[PDB]
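Just one chain follows, in the form deposited in one PDB entry, and it is written as structure tokens.
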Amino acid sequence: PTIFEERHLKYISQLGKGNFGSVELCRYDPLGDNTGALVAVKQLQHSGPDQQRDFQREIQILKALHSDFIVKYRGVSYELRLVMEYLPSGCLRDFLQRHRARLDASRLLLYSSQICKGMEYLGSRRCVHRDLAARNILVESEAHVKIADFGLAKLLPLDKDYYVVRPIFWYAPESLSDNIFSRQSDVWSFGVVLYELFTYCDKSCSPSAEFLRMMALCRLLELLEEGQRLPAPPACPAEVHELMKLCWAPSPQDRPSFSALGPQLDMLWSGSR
């Protein structure tokens, strides 16, 4: 159903805990026979007027997005709760670190393509994610990934292609300097996600570790303005690194679209065999 009756939601475990609000594993079983489906349930803890309104926004955005690469909205529970599908393989950051020995360049290109397709759909719906990282991508299986956590997601103002809003290593220069967020700033974050994948989210050479080695917020902007970028991950295919470099173009209008990146990654995967 579109409405999930509260009394039928059995708590199992904690899937996440943010500054305000948490996500928990629940078995929605109205029969009481312990045969119900497993769902991820989001609720707000301490919260406030700002957080409650942003959560209300998040629910509506997730409800309207229909992509095989964006976490599925299931319904609501009324003390509002957001009910979503349960991806049992955890987040992509955890997955790569755990399965590094098995995952080859072809599989990383598959994820890259999937995140790109989802990111493209998101853009067509005039939506900006604002927090695109490997920790915010969820794993369905070894061959399927989905974009999650739309808590920071903002819908573009009807008369503009950017939003100014009042984890900085994934943020574009225009974002750090003028707090500007566009579909083009999401492209910059995608380039970092691409780096995260071909490093298998290694802590030693993570975007945080590499940038701190290269140089607190003005110091990072200084580097990006100077042309300083993340190094080409070890054994990373040349063409993938060239796409990362293009996603990291200083001017947002010079960055490729997700519509342009999509086929370029898809044709690279075909080359991997």
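Whichever C-alpha set is largest while still superposing within 1.5 Å between the two forms counts as the rigid core. Each residue number is its position in the shown sequence, starting from 1.
- Going from residue 102 to residue 103, the model skips none of the deposited residues; the chain is continuous there.
- Stretches compared: 116-124, 155-163. Higher mean C-alpha B-factor in the entry: 155-163.
- Judged by mean Cα B factor in the deposited record, 27-35 ranks above the other of 231-239 and 27-35.
- Ranking 183, 135, 203, 107 by Cα temperature factor from the entry places 203 first.
- Across the options 41, 65, 247, 217, the residue with the most elevated CA B-factor in the record is 217.
- Among the modelled residues of the chain, residue 262 sits in the lowest third by CA temperature factor in this PDB entry.
- In the deposited entry, the Cα temperature factor of residue 149 places it in the middle third of its chain's modelled residues.
- Annotation for residue 56: CA B-factor lies in the middle third of the chain's modelled residues.
- Among all modelled residues in this chain, the alpha-carbon of residue 170 has a temperature factor (C-alpha) in the middle third.
- Per-chain ranking of the deposited C-alpha B factor places residue 72 in the lowest third.
Below, we turn to the form deposited in another entry, even though it does not appear here.
- Looking at CA displacements between the shown form and the other one with the core superposed, a shift of 2 Å or more is confined, among 47, 208, 228, 60, to 47.
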